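Protein chains in written order, with the authors' numbering: chain C, 25 to 67, 96 to 250, 263 to 357; chain L, -1 to 187. C-beta: ideal position from N, C-alpha, C; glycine also.
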Amino acid sequence: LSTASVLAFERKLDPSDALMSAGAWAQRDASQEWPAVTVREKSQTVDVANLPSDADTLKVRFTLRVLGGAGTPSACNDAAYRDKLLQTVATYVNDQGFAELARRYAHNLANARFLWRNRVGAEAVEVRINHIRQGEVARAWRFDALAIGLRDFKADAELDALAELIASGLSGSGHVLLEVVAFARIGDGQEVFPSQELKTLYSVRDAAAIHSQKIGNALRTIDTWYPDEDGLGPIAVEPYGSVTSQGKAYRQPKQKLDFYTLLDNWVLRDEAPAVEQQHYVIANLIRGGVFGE
Amino acid sequence: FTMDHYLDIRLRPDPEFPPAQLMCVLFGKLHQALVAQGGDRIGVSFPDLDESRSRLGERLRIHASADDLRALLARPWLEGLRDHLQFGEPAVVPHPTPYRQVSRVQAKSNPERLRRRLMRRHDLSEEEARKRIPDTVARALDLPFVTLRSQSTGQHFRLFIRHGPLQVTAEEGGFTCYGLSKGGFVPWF
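Right, here's the structure in full:
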């Protein structure tokens, strides 16, 4: 049983591009006709995006599908390796559910990780999450992002409800489409922070926006299981688990905690790792990617 | 030799930014927390400063009065960084404190702005204003700078600040607008 030379996993938890529109706080429940934040030039020549001078609230809206079926690859050479992989993943799901991963995903939707620099220095951040079955709203959640911690994953009743929704989505027991809307008090005429292009700023039809893969980066910050230090905080799930800004690569292949090493030792040789490393490996399968040689 | 109330600020790591951006945003929290707060006898101390590495600091060491530090711990404007960084508590200071120098001092390493005002006042030409200013009048100060990339220029910028010498005797004074030295020393330990 050698490894498959071609492996490819399609991603789950597919977000969209977030749109930003500015308005006034306590006009917050009618946030449907708010004008968009436009990207303009000023003088070297750069691009800036600011709120209007009579508005102090940033609105960031995006959607999120939860697909499910997180074990089946989209391309694989071997048939025995693929069946062994499906028995391993089905063994994982039958031993324990998706409650841990959906709990941490629920905590990253609870606070405002997807407000990267816009969160820093704000008076109050409010997150509203809707579940959608038809042209309707099934169940609405309203959170408070500053009370919910940035580093401490503490339980709650509403987070257990939404974690049951996401965990029911990833298992393939239904269709899950969520609408996420975030509200931030920044100040009158202050500066918002869209994502930067390859100083140009990313936009859609006359509105500043954030890329989808950056929100997708903000959702999958699970990994509190580094060998080096658990005191810094959870940084996102990657094979050869690395941080581009810090210039460091945690979870080295010279150790035995890499994704490729744990996947090879747990599929081919039946050497099951610790439980939290199994959460890491299944988190990389929900991430998806191009694996194999 | 009498201000023995410290208010430290320990910096923890975060994945969404390095310590330089946290030092810039905390620099805004100091320019708006002290300049928009009040209290002249409240200074700050950077203990991880290194002129050979261009660093700013690995742990903040605040120095205030008894009530000057006893009323800033419960700051709701000090929130947000409670999730990003860590805090401490008040602790006494030792008797012999070394007189160090930490303050803000702006240098002029660009003759293009004074060539703009000198083009609006002196009436210089291209070759006469370009030759009236030599190339040696500009110099880059390699002190510990902070990338305060605010809404004046979109790209990343540098920071300018001048420190003082080391000494043992105590010479206290009034703090600056950013909690630095401008004629009065500060302890460094």
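C:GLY280: not part of any beta strand (DSSP E); member of the alpha helix (DSSP H) spanning 276 to 283, first to last residue.
Closest in alpha carbon position to C:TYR144, among C:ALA338, C:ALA107, C:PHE33 and C:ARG185, is C:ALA338.
Less than 8 Å divides the Cβ of C:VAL232 from the Cβ of C:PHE114.
Contacts between L:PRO16 and chain C, judged by CB atoms closer than 8 Å, involve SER309 and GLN310 in chain order. Along the stretch 134 to 153 of chain L, going in chain order, the ones with a CB nearer than 7 Å to a CB of chain C are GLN149, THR151, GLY152 and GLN153. Residue range 111 to 119 is occupied by the alpha helix (DSSP H) that includes L:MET117, with no beta strand (DSSP E) assigned at that position. Counted as a single uninterrupted DSSP element, the stretch harbouring L:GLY37 is not any alpha helix (DSSP H), since DSSP gives it neither H nor E. At a C-beta separation below 7 Å, L:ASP66 has no neighbours in chain C, since its nearest C-beta there lies roughly 23 Å away.
Secondary structure at L:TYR97: strand, using DSSP grouped into helix, strand and coil. Here L:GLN99 has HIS161, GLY162, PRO163 and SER179 as same chain residues with Cβ atoms under 6 Å from its own Cβ, once five neighbours each way along the sequence are excluded.
Following the DSSP letters along the chain, one finds C:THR143 in no beta strand (DSSP E) but inside the alpha helix (DSSP H) bounded by residues 132 to 147. When secondary structure is reduced to three states using DSSP, L:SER107 falls in the coil class, being assigned neither helix nor strand. At a beta-carbon threshold of 9 Å, the residues of chain C lying near L:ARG10 are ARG203, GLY295, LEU296 and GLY297, ordered along the chain. For the pair L:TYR176 and C:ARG191, the Cα-to-Cα distance works out to about 49 Å. The beta-carbon of C:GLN96 is placed less than 8 Å from the nearest beta-carbon of chain L. Per DSSP, the beta-bridge partners of C:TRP193 are C:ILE181. When DSSP states are grouped into helix, strand and coil, C:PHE323 belongs to the helix group. Along the stretch 72 to 96 of chain L, going in chain order, the ones with a CB nearer than 8 Å to a CB of chain C are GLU77, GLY78, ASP81 and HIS82.
Ranked by Cα distance from C:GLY173, the first of L:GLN19, L:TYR4 and L:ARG10 is L:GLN19. For C:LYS263, the residues of chain L that pass the 8 Å Cβ criterion are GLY152 and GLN153, in the order they occur in the chain. Look at L:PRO132: its C-beta is not under 8 Å from any C-beta on chain C.
Between the stretch 48 to 62 of chain C and the stretch 223 to 238 of chain C there are three or more inter-stretch CB-CB distances shorter than 8 Å, so the stretches are counted as touching. Counting along the chain, no alpha helix (DSSP H) covers L:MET1, and no H or E run does either. The CB of C:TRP330 never comes closer than 9 Å to any CB in chain L; the least such distance is about 27 Å. If the five residues before and after C:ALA158 are omitted, its C-beta is found closer than 7 Å to the C-beta atoms of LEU211, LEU214, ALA215 and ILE218, all from its own chain and listed in chain order. The three-state reading of DSSP puts C:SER306 in strand, counting E and B together. For L:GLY26, the enclosing alpha helix (DSSP H) stretches over residues 17 to 29. Assignment of L:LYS129 by DSSP, reduced to helix, strand and coil, places it in the helix class.
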